[PDB]
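Okay, query_3.txt now, which holds compact mmCIF, N, CA, C and O atoms:
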```
# COMPACT_ATOMS: atom_id res chain seq x y z
N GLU A 1 0.84 -1.19 0.00
CA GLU A 1 0.00 0.00 0.00
C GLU A 1 0.87 1.24 0.00
O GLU A 1 1.88 1.26 0.61
N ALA A 2 0.38 2.28 -0.64
CA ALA A 2 1.03 3.57 -0.65
C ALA A 2 1.06 4.23 0.70
O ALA A 2 0.17 4.05 1.49
N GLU A 3 2.13 4.96 0.96
CA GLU A 3 2.22 5.83 2.11
C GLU A 3 1.87 7.26 1.68
O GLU A 3 2.67 7.94 1.19
N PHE A 4 0.64 7.66 1.95
CA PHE A 4 0.15 8.99 1.59
C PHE A 4 0.73 10.18 2.38
O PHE A 4 0.79 11.27 1.91
N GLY A 5 1.22 9.89 3.57
CA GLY A 5 1.67 10.91 4.47
C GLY A 5 2.78 11.77 3.99
O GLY A 5 2.86 12.87 4.34
N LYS A 6 3.67 11.22 3.17
CA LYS A 6 4.77 12.01 2.66
C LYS A 6 4.36 13.05 1.65
O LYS A 6 5.09 13.90 1.34
N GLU A 7 3.16 12.94 1.14
CA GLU A 7 2.65 13.90 0.19
C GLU A 7 1.82 15.05 0.82
O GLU A 7 1.36 15.90 0.12
N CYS A 8 1.62 15.02 2.11
CA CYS A 8 0.79 16.04 2.77
C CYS A 8 1.36 17.43 2.74
O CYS A 8 2.50 17.62 2.97
N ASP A 9 0.51 18.40 2.46
CA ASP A 9 0.75 19.78 2.79
C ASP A 9 0.62 20.10 4.28
O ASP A 9 1.31 20.92 4.78
N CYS A 10 -0.34 19.47 4.91
CA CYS A 10 -0.54 19.59 6.32
C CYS A 10 -0.59 18.21 6.89
O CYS A 10 -1.36 17.43 6.54
N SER A 11 0.25 17.96 7.82
CA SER A 11 0.25 16.65 8.46
C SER A 11 -0.96 16.30 9.32
O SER A 11 -1.32 15.17 9.43
N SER A 12 -1.54 17.31 9.94
CA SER A 12 -2.68 17.12 10.80
C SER A 12 -4.00 17.22 10.06
O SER A 12 -4.24 18.17 9.37
N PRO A 13 -4.87 16.26 10.27
CA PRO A 13 -6.18 16.32 9.64
C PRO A 13 -7.03 17.47 10.16
O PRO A 13 -8.00 17.75 9.55
N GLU A 14 -6.65 18.07 11.27
CA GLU A 14 -7.39 19.17 11.84
C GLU A 14 -6.94 20.54 11.37
O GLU A 14 -7.50 21.50 11.72
N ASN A 15 -5.94 20.58 10.53
CA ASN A 15 -5.46 21.84 10.03
C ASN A 15 -6.50 22.40 9.06
O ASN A 15 -6.80 21.80 8.09
N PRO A 16 -7.01 23.59 9.34
CA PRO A 16 -8.09 24.14 8.51
C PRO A 16 -7.66 24.56 7.10
O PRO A 16 -8.48 24.81 6.29
N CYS A 17 -6.35 24.69 6.90
CA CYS A 17 -5.77 25.09 5.64
C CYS A 17 -5.80 24.00 4.57
O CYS A 17 -5.65 24.29 3.47
N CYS A 18 -5.98 22.77 5.03
CA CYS A 18 -6.02 21.59 4.19
C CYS A 18 -7.38 20.89 4.26
O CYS A 18 -8.14 21.07 5.12
N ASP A 19 -7.60 20.05 3.27
CA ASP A 19 -8.69 19.14 3.23
C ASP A 19 -8.26 17.87 3.95
O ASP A 19 -7.28 17.34 3.64
N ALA A 20 -9.03 17.44 4.91
CA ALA A 20 -8.67 16.28 5.70
C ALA A 20 -8.51 15.03 4.83
O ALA A 20 -7.68 14.27 5.09
N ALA A 21 -9.35 14.89 3.82
CA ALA A 21 -9.35 13.69 2.99
C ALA A 21 -8.03 13.48 2.22
O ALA A 21 -7.58 12.40 2.05
N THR A 22 -7.46 14.56 1.73
CA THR A 22 -6.24 14.53 0.93
C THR A 22 -4.95 15.00 1.60
O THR A 22 -3.90 14.80 1.09
N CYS A 23 -5.10 15.69 2.71
CA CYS A 23 -4.04 16.43 3.36
C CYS A 23 -3.31 17.47 2.47
O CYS A 23 -2.23 17.83 2.72
N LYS A 24 -4.04 17.97 1.49
CA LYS A 24 -3.57 19.00 0.61
C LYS A 24 -4.30 20.30 0.88
O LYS A 24 -5.38 20.36 1.35
N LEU A 25 -3.64 21.37 0.50
CA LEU A 25 -4.19 22.69 0.70
C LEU A 25 -5.53 22.90 0.01
O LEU A 25 -5.74 22.50 -1.08
N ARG A 26 -6.43 23.54 0.71
CA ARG A 26 -7.73 23.90 0.20
C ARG A 26 -7.62 25.04 -0.81
O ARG A 26 -6.67 25.73 -0.83
N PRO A 27 -8.66 25.22 -1.63
CA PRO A 27 -8.67 26.32 -2.57
C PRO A 27 -8.53 27.64 -1.84
O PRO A 27 -9.20 27.94 -0.92
N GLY A 28 -7.56 28.38 -2.30
CA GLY A 28 -7.20 29.64 -1.72
C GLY A 28 -6.14 29.57 -0.63
O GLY A 28 -5.55 30.54 -0.32
N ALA A 29 -5.87 28.40 -0.10
CA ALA A 29 -4.76 28.27 0.85
C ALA A 29 -3.42 28.16 0.14
O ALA A 29 -3.26 27.37 -0.71
N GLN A 30 -2.48 28.98 0.56
CA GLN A 30 -1.15 28.99 0.06
C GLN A 30 -0.16 28.20 0.93
O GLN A 30 0.87 27.84 0.52
N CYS A 31 -0.54 28.01 2.18
CA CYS A 31 0.30 27.36 3.18
C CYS A 31 -0.51 26.90 4.36
O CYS A 31 -1.58 27.34 4.55
N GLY A 32 0.04 26.00 5.16
CA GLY A 32 -0.56 25.59 6.40
C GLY A 32 0.31 25.66 7.64
O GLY A 32 -0.10 25.25 8.65
N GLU A 33 1.51 26.13 7.46
CA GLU A 33 2.47 26.29 8.52
C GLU A 33 3.55 27.25 8.05
O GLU A 33 3.73 27.43 6.92
N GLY A 34 4.28 27.79 9.00
CA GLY A 34 5.47 28.56 8.77
C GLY A 34 5.40 29.97 9.33
O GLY A 34 4.39 30.51 9.52
N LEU A 35 6.58 30.52 9.53
CA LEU A 35 6.75 31.86 10.07
C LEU A 35 6.14 32.94 9.18
O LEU A 35 5.79 33.97 9.63
N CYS A 36 6.08 32.66 7.90
CA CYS A 36 5.51 33.55 6.89
C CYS A 36 4.18 33.06 6.33
O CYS A 36 3.85 33.32 5.24
N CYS A 37 3.47 32.32 7.18
CA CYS A 37 2.12 31.90 6.90
C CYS A 37 1.18 32.48 7.96
O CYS A 37 1.43 32.40 9.10
N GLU A 38 0.09 33.07 7.52
CA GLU A 38 -0.92 33.60 8.41
C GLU A 38 -2.31 33.31 7.85
O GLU A 38 -2.61 33.68 6.79
N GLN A 39 -3.09 32.58 8.62
CA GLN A 39 -4.44 32.17 8.22
C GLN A 39 -4.44 31.56 6.82
O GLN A 39 -5.25 31.87 6.02
N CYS A 40 -3.49 30.68 6.60
CA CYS A 40 -3.39 29.89 5.36
C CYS A 40 -2.89 30.64 4.15
O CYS A 40 -2.93 30.15 3.08
N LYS A 41 -2.38 31.84 4.37
CA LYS A 41 -1.87 32.68 3.29
C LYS A 41 -0.44 33.10 3.54
O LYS A 41 -0.04 33.24 4.66
N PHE A 42 0.28 33.34 2.48
CA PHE A 42 1.62 33.90 2.60
C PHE A 42 1.56 35.32 3.19
O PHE A 42 0.83 36.14 2.75
N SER A 43 2.44 35.58 4.16
CA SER A 43 2.55 36.90 4.73
C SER A 43 2.99 37.90 3.67
O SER A 43 3.56 37.55 2.72
N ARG A 44 2.67 39.15 3.90
CA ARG A 44 3.00 40.23 3.01
C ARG A 44 4.53 40.36 2.87
O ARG A 44 5.27 40.23 3.80
N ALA A 45 4.95 40.66 1.65
CA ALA A 45 6.36 40.87 1.37
C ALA A 45 6.86 41.98 2.27
O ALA A 45 6.28 42.97 2.43
N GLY A 46 7.96 41.71 2.91
CA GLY A 46 8.58 42.61 3.83
C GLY A 46 8.20 42.44 5.28
O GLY A 46 8.77 43.04 6.10
N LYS A 47 7.27 41.57 5.59
CA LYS A 47 6.93 41.36 7.00
C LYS A 47 8.14 40.78 7.72
O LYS A 47 8.70 39.83 7.29
N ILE A 48 8.50 41.39 8.82
CA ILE A 48 9.68 40.93 9.53
C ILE A 48 9.37 39.58 10.17
O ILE A 48 8.38 39.43 10.81
N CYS A 49 10.25 38.63 9.96
CA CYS A 49 10.02 37.30 10.47
C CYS A 49 11.16 36.69 11.29
O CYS A 49 10.98 35.73 11.92
N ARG A 50 12.34 37.28 11.23
CA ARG A 50 13.44 36.89 12.13
C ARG A 50 14.32 38.10 12.43
O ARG A 50 14.77 38.75 11.53
N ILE A 51 14.60 38.31 13.70
CA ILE A 51 15.40 39.42 14.15
C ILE A 51 16.91 39.19 13.92
O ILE A 51 17.43 38.18 14.21
N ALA A 52 17.53 40.17 13.29
CA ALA A 52 18.91 40.12 12.89
C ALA A 52 19.88 40.89 13.81
O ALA A 52 19.53 41.34 14.81
N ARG A 53 21.10 41.04 13.35
CA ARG A 53 22.10 41.84 14.03
C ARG A 53 21.83 43.33 13.88
O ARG A 53 21.13 43.74 13.00
N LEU A 54 22.43 44.13 14.74
CA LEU A 54 22.09 45.53 14.88
C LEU A 54 22.30 46.35 13.64
O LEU A 54 21.58 47.26 13.43
N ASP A 55 23.32 46.03 12.87
CA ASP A 55 23.61 46.82 11.69
C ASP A 55 22.79 46.41 10.46
O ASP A 55 22.88 47.00 9.47
N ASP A 56 22.00 45.36 10.59
CA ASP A 56 21.28 44.78 9.48
C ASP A 56 19.79 44.96 9.52
O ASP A 56 19.20 45.15 10.52
N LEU A 57 19.20 44.87 8.34
CA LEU A 57 17.77 44.72 8.26
C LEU A 57 17.45 43.32 8.81
O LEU A 57 18.23 42.45 8.70
N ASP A 58 16.29 43.18 9.40
CA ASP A 58 15.79 41.88 9.85
C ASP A 58 15.43 41.01 8.65
O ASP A 58 15.27 41.52 7.59
N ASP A 59 15.37 39.70 8.83
CA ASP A 59 14.89 38.81 7.80
C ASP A 59 13.39 39.07 7.61
O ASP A 59 12.69 39.29 8.54
N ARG A 60 13.00 39.06 6.36
CA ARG A 60 11.65 39.43 5.97
C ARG A 60 10.99 38.40 5.03
O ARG A 60 11.63 37.78 4.25
N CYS A 61 9.68 38.29 5.13
CA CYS A 61 8.91 37.43 4.27
C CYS A 61 8.96 37.95 2.83
O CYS A 61 9.05 39.12 2.61
N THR A 62 8.93 37.01 1.90
CA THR A 62 8.98 37.34 0.49
C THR A 62 7.65 37.63 -0.16
O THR A 62 7.61 38.21 -1.19
N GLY A 63 6.57 37.17 0.44
CA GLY A 63 5.25 37.25 -0.12
C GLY A 63 4.89 36.07 -0.99
O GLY A 63 3.79 35.96 -1.41
N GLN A 64 5.87 35.24 -1.26
CA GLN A 64 5.71 34.02 -2.06
C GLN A 64 6.09 32.73 -1.45
O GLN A 64 6.24 31.76 -2.13
N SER A 65 6.35 32.73 -0.17
CA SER A 65 6.80 31.56 0.52
C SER A 65 6.30 31.64 1.95
O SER A 65 6.09 32.69 2.44
N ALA A 66 6.16 30.50 2.60
CA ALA A 66 5.72 30.40 3.98
C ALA A 66 6.85 30.37 5.01
O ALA A 66 6.62 30.43 6.15
N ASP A 67 8.05 30.23 4.52
CA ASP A 67 9.21 30.25 5.38
C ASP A 67 9.88 31.60 5.42
O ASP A 67 9.73 32.38 4.56
N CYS A 68 10.64 31.82 6.46
CA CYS A 68 11.36 33.06 6.62
C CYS A 68 12.76 32.83 6.09
O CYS A 68 13.50 32.10 6.64
N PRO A 69 13.12 33.48 5.04
CA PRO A 69 14.41 33.23 4.41
C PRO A 69 15.58 33.60 5.28
O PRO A 69 15.52 34.53 5.98
N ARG A 70 16.64 32.81 5.21
CA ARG A 70 17.87 33.06 5.95
C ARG A 70 18.86 33.53 4.91
O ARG A 70 18.88 33.02 3.82
N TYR A 71 19.66 34.53 5.23
CA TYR A 71 20.53 35.08 4.20
C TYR A 71 21.73 34.23 4.25
O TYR A 71 22.25 33.96 5.30
N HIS A 72 22.12 33.78 3.07
CA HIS A 72 23.26 32.89 2.95
C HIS A 72 24.53 33.47 2.28
O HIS A 72 24.44 34.21 1.40
```
Encoded form using C-alpha cells:
Amino acid sequence: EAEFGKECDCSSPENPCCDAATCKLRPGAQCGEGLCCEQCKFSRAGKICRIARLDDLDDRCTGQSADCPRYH
C-alpha cells in the first residue's frame, strides 16, 4: 500500500488550511504552517520574520513563501 503521508501539505487532519481527505491545501490556501504563513496565506512581502544583528535589516517574508528566508 502507498504511504500517503509524505505527500501532505498539512500533516494534521485538523489543520483548517487543508482538506482532511487529501491532506492537501484547500482552494485559496497557500500554506498551512510557517513563520511567513498567516491564516493559510503567505505573509506580506517585507513582513519581519526573524530578528537580525544591529547593523542589518531583519529577515523578511517574500510574499511568495511560507518560510522566513535566511541570508546565505
So, with only C-alpha atoms as the atoms that count, which of A:18, A:12, A:68, A:61 lies closest to residue A:39?
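Looking only at the distances to residue A:39, the closest residue turns out to be A:18.
Interatomic distance, atom N of residue A:65 against atom C of residue A:22: 21.1 Å.
Here atom CA of residue A:9 stands at a distance of 13.2 Å from atom CA of residue A:41.
With only C-alpha atoms as the basis for measurement, A:66 is the residue among A:54, A:2, A:66, A:49 that approaches residue A:29 most closely.
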Please compute the atom C of residue A:8-atom C of residue A:43 distance, one decimal, in Å.
20.6 Å
Those of chain A in DSSP strand (DSSP E), formatted as a PyMOL selection string:
chain A and resi 18-19+24-25+37-38+41-42+48-50+59-60
When DSSP works through the backbone of this structure, what residues of chain A end up as helix (DSSP H, G or I), shown as an NGL selection string?
:A and (4-7)
What's the 6 Å shell around residue A:58, counting all atoms listed in the file, without same-chain residues fewer than 3 positions away, as a list in words?
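Returned residues: residues 48, 49, 50, 51 and 52 of chain A.
With only C-alpha atoms as the atoms that count, the minimum distance from residue A:27 to the choices A:69, A:47, A:15, A:40 is reached by A:40.
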Contacts of residue A:45 at 7 Å or less, counting all atoms listed in the file, minus same-chain residues fewer than 3 places along, as a list in words?
residues 42, 48, 60, 61, 62, 63 and 64 of chain A
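Nearest to residue A:4 of all the residues A:55, A:37, A:21, A:16 is A:21, counting only C-alpha atoms.
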